[PDB]
Amino acid sequence: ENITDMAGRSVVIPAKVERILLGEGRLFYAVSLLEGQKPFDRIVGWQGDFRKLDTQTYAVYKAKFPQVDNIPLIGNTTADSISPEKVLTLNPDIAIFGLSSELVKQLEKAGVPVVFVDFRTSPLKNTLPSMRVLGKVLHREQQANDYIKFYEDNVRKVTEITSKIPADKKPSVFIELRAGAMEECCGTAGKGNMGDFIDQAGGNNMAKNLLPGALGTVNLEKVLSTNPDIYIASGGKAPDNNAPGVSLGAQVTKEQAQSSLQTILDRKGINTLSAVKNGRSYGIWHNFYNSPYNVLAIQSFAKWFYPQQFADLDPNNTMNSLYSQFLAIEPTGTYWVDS
Ligand SMILES: O=C(O)CN(CC(=O)O)CC(=O)O
Ligand SMILES: [Fe+3]
């Protein structure tokens, strides 16, 4: 009847859930795992981050489910169709938020149950507990628990190997989040976020000691001085976009991915790293930084870090299984890339 969310708040599970508000649109990644062939049927509103910041995934859904464009966008901008203060008109049974608000207050003041999850700041600790909570409060425990089993299995395949690797034998690693996005450079993950995936994949994240939190910045000069064994760039850029950025996602091929990475690797400063010269330079889909599908990032990283140990591991296969079992769309495009 009650469950504890990732804020440690006790929440009363509603007996009927037909109407789900997503405080962050990209929480749809999690919800989608639960809704089988009816992904949108219970979504009554969402913030626009999925539609606006994941145009590629949105577009694939829109192809098969045009109704996605009718889902109200909650926010205060001209791109939004319903302001926080009026979200009660949507009659949500429950509202889902990330840990990372006037909206939350408005919903709590209306007696709407609010559940906090987290795939962003501490994914290693919080991914699976988040999914468990979601299975319970959205009445999809079978789907949650099967996903939990699938994720555990697929993570173990890595960690049963990477946990036995001595630290001195581990590659040093630097991930540049949204490489080529802002003008200043080297937004990264430290004690959390994609850091967790580096850790689980047997890497040594050079930003871990440089940052107090999960997310932060390391100046290029420090990246260049440290000169890690491995360089990773995250991005989710449209393959039709000339702005610098790694093009990855549902609508990107390998060749477009490689090409856009190459532009990122050719940047002044970055092009002097040994990792770039050695070709130990890689691209990862940015939205794995806030998604329960992050098992695929862990598997990708492991393959880059220990290519021999993970010769037979194929994240594209892992992804295929995830889609087959849980999702109403087919897997397409490119979510990781090598030089
Ligand atoms: O999440 C957002 O609203 C915007 N992002 C970029 C992105 O996620 O594409 C910055 C950040 O989360 O630091
Ligand atoms: Fe972001």
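Virtual Cβ from ideal backbone geometry, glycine too; neighbours counted across all protein chains shown. Quick note: the coordinates plus some simple rules give every number you see, no bench work behind them.
Sort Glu85, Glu183 so that the residue with the fewest other Cβ atoms within 10 Å of its own Cβ comes first and the one with the most comes last.
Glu183, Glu85
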task = Run through the DSSP bridge list for region 168-338 and note the antiparallel percent, rounded to the nearest 5.
result = 40 percent
inquiry  = 7 Å from Cα along Cα→Cβ at both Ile165 and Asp153: what's the point-to-point distance in nm?
reply    = 2.4 nm
Separation of the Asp146 and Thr89 label points, Cα + 7 Å toward Cβ, nm = 3.8 nm
request  = Across region 168-338, how many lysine pairs, 8 or more positions apart or on different chains, have C-alpha atoms separated by under 19 Å? Please give the number.
outcome  = 13
Peptides 23-29, 204-210 ordered by average Cβ neighbours within 10 Å, highest first = 23-29, 204-210
ask   = Where both residues lie in the chain, what percent of DSSP beta bridges are antiparallel, nearest 5?
value = 30 percent
message = Give me the three principal axis extents of region 33-142 from the C-alpha atoms, as integers in angstrom, largest value leading.
response = 36, 36, 25
ask   = Going by average Cβ neighbours within 10 Å, how do the peptides 285-294, 137-146, 68-77 rank, with the highest at the top?
value = 285-294, 137-146, 68-77
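Full extension from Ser101 to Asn316: what is 0.36 nm times the residue separation minus their Cα-Cα distance, to one decimal in nm?
Working: separation 215, 0.36 × 215 = 77.40 nm, distance 3.76 nm.
Full extension from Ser101 to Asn316 adds 73.6 nm.
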request  = Please state, as a whole number in µm²/s, the translational diffusion coefficient that the Stokes-Einstein equation yields for the chain at 10 °C and 1.306 mPa s, with Rh defined as the Kirkwood radius across alpha carbon pairs.
outcome  = 77 µm²/s
note = Among beta bridges assigned by DSSP with both residues in region 2-140, the antiparallel ones amount in percent, to the nearest 5, to 20 percent
query = How far is the Cα center of region 1-41 from the Cα center of region 219-296, in Å?
reply = 32 Å
